[PDB]
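Single chain ahead, written as structure tokens, the form deposited in one PDB entry.
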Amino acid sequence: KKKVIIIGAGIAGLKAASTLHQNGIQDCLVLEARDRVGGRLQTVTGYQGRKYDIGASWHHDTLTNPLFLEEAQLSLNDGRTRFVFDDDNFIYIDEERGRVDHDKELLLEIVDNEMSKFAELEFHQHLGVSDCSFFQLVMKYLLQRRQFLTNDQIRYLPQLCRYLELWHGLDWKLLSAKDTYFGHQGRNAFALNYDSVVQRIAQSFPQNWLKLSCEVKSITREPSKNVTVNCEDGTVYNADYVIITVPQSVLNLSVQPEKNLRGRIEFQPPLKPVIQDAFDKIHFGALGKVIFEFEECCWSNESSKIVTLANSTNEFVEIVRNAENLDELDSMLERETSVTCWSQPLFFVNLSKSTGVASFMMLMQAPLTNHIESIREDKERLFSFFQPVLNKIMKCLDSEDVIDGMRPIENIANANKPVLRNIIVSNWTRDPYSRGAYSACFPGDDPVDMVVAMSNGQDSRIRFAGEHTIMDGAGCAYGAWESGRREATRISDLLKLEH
């Protein structure tokens, strides 16, 4: 009944649809399981009408990111503000010591940079001579360079460099050392409404093409020259080509038995071996977010980027100074509970400086992410959990301890104290249609496989699009966006050319 059937209304599938239309193609559909378009791009509304991207927030690699370049051309034409370059000098806060950034004695940013080159030198030209966890790599570095590292550098450096966890959404012991570092193609641009980006692409094709709330439960390839798709509601479709953009985590459900899980699509014939084997190259990290909405700004807007360090011990230094080798240090690190806000690094975007909004956007990683999203409706507990980091931040920013004002109890005796009015938490690890944030590597993985296998398609008719199906922009909004145009282009020609 259709020429092309796109599964998923995230940016990949939306672009793909936008392309097909652009190329005069017709009779296509966009089946989306959620009751909204956007996928991992969602802008929610909070206190006093403030808006926040609960999913993607930035345009990365602005020197070459094509979606960003496109958005920039639009802004040059209409002068409408679509983004703001918010990169800043990071402030680093340790619970006991306070600020440790740009320290005349610690000079942590300089050793972190050395640490970075150490990493590149370890994996460059050796062909993956063993892949460890980012944690293990940092341990090698510390051991190898302790003769040129002070005591405080050995103590704090490993904690500061963990900000990298917030880039993969993975704790440093679950994250591949080889994929930890990546090239940043220029500054980052905070999207002032990724929902604006989603809206544009969504309104660029036949509105009657979109079918919200259609959960696709099975895709069958009948050699007859067509693909049959069945929505969970009973409707069936026959398409020449099908573009699947469900996230990798959802797709990984196919290789498992018991096709009852939400989102899971039964393939017939089953996904070919190169594909199924690719799912052994790890995947899915869990970057999470917590938005803290205050009444008004009453702290120093020195910087828009703040990272709180996990607690560290002088005793750890001693162990590094006494370890004879790696194996001895590996086991010597046997210090024998309870996870608090100081158990992992946290990344706070002070939105007051960059957007003038009295709020903080907080990013978190696995394993913490799922635990916080699990209590997302318990505002009071969430407050108790982050209260100590929040207060430490306010202290360092020439302000006072936070007052809980999430419940209607107006008082003017607190005009010089930050007042929390609301907390918003993401829900990506618990949403069945995302089951996580985006592609990520566990030690021992190699993403190339999935990208090549996904890009090569199930076959000439069953194709794949999404952040996990491409090299440039892997895991990013523009990668997914570009993967959509890719499959669309391939199909666009194969059709129009015939007739």
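If you superpose the two forms and keep the largest set of C-alpha atoms that fall within 1.5 Å, you have the rigid core. Note that residue numbering follows the sequence shown and begins at 1.
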{"property": "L108 unmodelled in at least a third of other compared entries", "result": "no"}
{"property": "Check: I409 without coordinates in a third or more of other entries", "result": "yes"}
{"property": "Missing from the model but present in the deposited sequence, between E336 and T337", "result": "4 to 9"}
{"property": "438-446 versus 64-72 - which carries the larger mean C-alpha B factor in the record", "result": "438-446"}
{"property": "Of 194-202 and 402-410, the stretch whose C-alpha atoms average the higher B-factor in the entry", "result": "402-410"}
{"property": "Top residue by Cα temperature factor, when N422, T220, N391, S300 are compared in the entry", "result": "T220"}
{"property": "Of the residues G457, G38, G466, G55, the one carrying the largest Cα B-factor as recorded", "result": "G457"}
{"property": "Position of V44 among the chain's modelled residues by C-alpha B-factor, lowest, middle or highest third", "result": "lowest"}
{"property": "Chain-relative CA temperature factor third for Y237", "result": "highest"}
{"property": "Chain-relative CA temperature factor third for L253", "result": "highest"}
{"property": "Chain-wide C-alpha B factor ranking for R187, given as lowest, middle or highest third", "result": "lowest"}
{"property": "Chain-relative CA temperature factor third for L20", "result": "highest"}
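FYI, the form deposited in another entry isn't displayed, but the following is about it.
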{"property": "Identity of the moved residue from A437, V30, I470, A56, C-alpha shift 2 angstroms or more, core fit between the shown form and the other one", "result": "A437"}
